[PDB]
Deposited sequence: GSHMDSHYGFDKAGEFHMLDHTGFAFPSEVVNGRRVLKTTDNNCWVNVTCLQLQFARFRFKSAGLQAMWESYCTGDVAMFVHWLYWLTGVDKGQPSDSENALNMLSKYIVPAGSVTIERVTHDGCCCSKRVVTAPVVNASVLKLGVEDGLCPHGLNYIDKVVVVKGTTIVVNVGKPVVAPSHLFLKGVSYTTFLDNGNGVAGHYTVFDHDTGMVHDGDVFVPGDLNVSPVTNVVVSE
């Protein structure tokens, strides 16, 4: 029952635990619900922000009831579940792109992406239509190398057609590039190396500002190291 009502394994074990320790102070900013920066929770803030920018749902009605409570202020349960699923200890930093990939199988697919595979001089070509909540591809219009073709030339994987909304997680280090080279998206998570810690933050393309914790700081997409983007059409 517990595993069918909420849609994930060991659901009975989780729901008996105490979620109060993860009730971070939160506010509403530009309609989005964001978390105040504390206990290195920035990876949780930017992870749940992309779920809001993507307008994603969860497959089971039980998990969505948890996610809906997160957006209304009851952030204790879902935040704990992100630590419980990803296997991260409270107060410790984590990877937001790793969290989104583990969340993908629980999210209803709300979009589509065509990934074209071609080489340096069009020697071998193929197209496929991906329909997943999170797809690991290049956040740039360039693409990434993906091995050799039967002619000894490197493949290139780029997103050419976008339907609906999906989260494209970059396959590599945080990339800085001109804004007009990224895929057309609505929000970009950036990752700054402060010197061995890091700071996660989201860039709202509409307002042209940046979600930083519970505030709204200025930012420039041209100098932001993007790690994943909520691509839309």
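Asker: Missing C-alpha coordinates: which residue stretches of the deposited sequence does that apply to?
Answerer: No C-alpha coordinates exist for 1-2, 198-199.
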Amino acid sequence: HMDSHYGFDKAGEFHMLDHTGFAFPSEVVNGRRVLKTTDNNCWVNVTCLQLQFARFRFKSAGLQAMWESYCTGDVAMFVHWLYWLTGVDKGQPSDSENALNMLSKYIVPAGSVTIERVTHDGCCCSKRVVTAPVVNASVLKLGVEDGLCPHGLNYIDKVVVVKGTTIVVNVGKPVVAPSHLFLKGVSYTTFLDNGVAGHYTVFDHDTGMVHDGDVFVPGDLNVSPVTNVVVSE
From here on, numbers count along this sequence of modelled residues.
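Asker: Higher average CA B factor in the deposited record is what I'm after, so tell me if that's 81-89 or 128-136.
Answerer: Here the higher of the two C-alpha B-factor means belongs to 81-89.
Asker: Do the C-alpha atoms of 50-58 or of 180-188 have the higher average B factor in the entry?
Answerer: That would be 180-188.
Asker: Lowest, middle or highest third: where is residue 97 by C-alpha B factor in its chain?
Answerer: According to the entry, residue 97 has a C-alpha B-factor in the chain's lowest third.
Asker: Which third of the chain holds residue 157 when residues are ordered by C-alpha B factor: lowest, middle or highest?
Answerer: Middle third.
Asker: Please say which third, lowest, middle or highest, residue 105 falls into when its CA temperature factor is compared across its chain.
Answerer: For residue 105, the deposited C-alpha B-factor lands in the lowest third.
Asker: C-alpha B factor of residue 202, ranked within the chain: lowest, middle or highest third?
Answerer: Middle third.
Asker: Is the Cα B-factor recorded for residue 226 in the lowest, middle or highest third of its chain?
Answerer: As the PDB entry reports it, the C-alpha B-factor of residue 226 lands in the middle third of its chain.
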